[PDB]
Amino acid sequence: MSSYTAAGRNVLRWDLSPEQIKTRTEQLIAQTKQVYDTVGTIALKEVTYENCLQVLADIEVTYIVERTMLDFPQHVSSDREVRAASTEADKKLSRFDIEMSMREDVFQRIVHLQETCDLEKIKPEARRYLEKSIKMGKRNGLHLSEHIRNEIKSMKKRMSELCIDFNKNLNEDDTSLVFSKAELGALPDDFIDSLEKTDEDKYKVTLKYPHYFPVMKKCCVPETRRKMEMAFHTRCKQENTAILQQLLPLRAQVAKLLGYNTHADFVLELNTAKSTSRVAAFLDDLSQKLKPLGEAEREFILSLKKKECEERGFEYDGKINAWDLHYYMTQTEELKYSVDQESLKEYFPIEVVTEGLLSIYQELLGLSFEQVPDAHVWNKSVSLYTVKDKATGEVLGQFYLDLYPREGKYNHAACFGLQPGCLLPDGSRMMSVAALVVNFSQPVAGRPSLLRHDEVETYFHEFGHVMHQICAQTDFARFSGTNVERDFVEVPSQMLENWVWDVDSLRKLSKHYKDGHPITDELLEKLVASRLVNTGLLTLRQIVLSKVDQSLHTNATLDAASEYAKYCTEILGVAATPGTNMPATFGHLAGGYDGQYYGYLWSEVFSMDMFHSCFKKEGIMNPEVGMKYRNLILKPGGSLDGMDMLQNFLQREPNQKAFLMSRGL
């Protein structure tokens, strides 16, 4: 199938029944294992590029594609039965994945292939394929004695359970409090009316994010904010503190058995940050550069508290408590820019944001987006688009847009890679496929869907991931799409966010939904100028969490809560509430990417360097720079190291000057 059409290149089924999902899973696992069994039995002396590397590579592509039809419905299907089947399928397939990665026999074949192979004869990406494959095996201990390999098993096992147990507790928790209307002063009528009422003139308030934050940010009653913050940071205190006490030491031992000093170093080796000392130097120096901004903001907030405590007859303690930060930061936003979010949204009808976003990406990346007429989708609200290179007509891929909240649908924003843009056996290329999943306000009371500014920002972010997935073209499935370093994956996304804080871009994404008049220049200038409100404390807060993260995987004998409290006073200047245990509620530790929390801030520094040093310098809609970004940063996917791609694009090593300049540091 030609690279200049979408015909027949996307046959993913989105209407499979529970029984079919179950059957296909059984068959995919069984048939895929036969392939690894075959490679695992090749006589070492007869291992070749064709019967070993090529076979492993071909099966990796086939498996990944079939697997998406089975593990994606759990996130978008309208049928609960289908979703449950998908969840089960993902669980079996995830276990199988671990099984195959622990194959000693297959590993031996790849190691011996590299020994006798003349790397200069094959392509660079293939060398990286072997290199990375052997590296992963060693990271699983496939080069060690059976005794050590087994001990590493009964350990990677527990740490998996302990993490599911940690998460389960938090998720299951149903802690609740009851406050009177008076105790919830300053909270909007809409908020209170959404609350359950008791056999008293009391309202029920849970600790889930939808209740917790509006209260910590708007409730003028300090004592209420206080109890809410205390209950929130003591959730599963015992259960999870005990889990963390077994878990962190387990991570230490496993790292040692594998030849690493700490778990942090084990984790960091696969990231562009490379090491623990580098991450520490990154964070330490950043908090130093932010110290003066944090002091000023903290000073300003403290004066607001002292002034309010007077105007309200409230007692004063001269300090910013944990349950005070959210409130006063909100006050700061209101006093310095006062942007009526609910008013501004009227200028962002989803039709307009969508057409503008696409129009902008088309021009910048030299692409054309065309909506597929009668597309096969998982829900009628989903639209499908074909992506062609404007100049050549090449069909790079297709992307789906699933924009509204729906029962059973993933409730957070994300981009799912569904098909890799890698080479197929015949040398033809597989068409890349992505799904943009977000939950934007649906139309109500006769008004179209109206997006708040932060939603437009999320839209650009997620679309940044989609372009990465679609423009990425590699020889191997494992290096395709967004398969780059974990502390590099948010580079394409955070850089695109800058466009929603650009006056002229904003002009293309807005029009009043009613009469269609534009956003006044006065409002636009106010909007962009407001971007960095509270950055000092917000950033320092993210550094503290990043430090706690590194610490929990560097020294597994220290007390989490104490480490957290230490960094709070030293870096944020806001004390952790005595008796609470934030780390015990830090879902990021157990499941997810523990040891990688610093990645988001690390990515932002990099994206800021590319945006200011290149786009700002040449004009953010300059096609030249746009194509350079697409070709040097997106197209290579994970077939090249993150730092090398940055350097190719920048023509120099990256640095944080641009990032610091933005903050006025």
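Quick note: we count residues from 1 along the sequence shown, nothing fancier.
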* To do: Check the entry's C-alpha temperature factors for 656-664 and 4-12, then say which stretch has the higher mean.
  => 656-664
* Look up the CA B-factors in the entry and say which stretch, 539-547 or 217-225, has the higher mean. => 217-225
* **Top residue by Cα temperature factor, when 28, 47, 625, 64 are compared in the entry** => 47
* To do: Specify which of 361, 501, 107, 337 carries the largest Cα B factor in the deposited PDB entry.
  => 337
* Structure fact -> The third of the chain into which the C-alpha temperature factor of residue 206 falls is the middle
* Relative to the other modelled residues of the same chain, rank the CA B-factor of residue 604 and answer lowest, middle or highest third. => middle
* Please place residue 405 in the lowest, middle or highest third of its chain by C-alpha B factor as given in the entry. => middle
* C-alpha B factor of residue 346, ranked within the chain: lowest, middle or highest third? -> middle
* Assigned third (lowest, middle, highest) for the C-alpha B factor of residue 41 -> highest
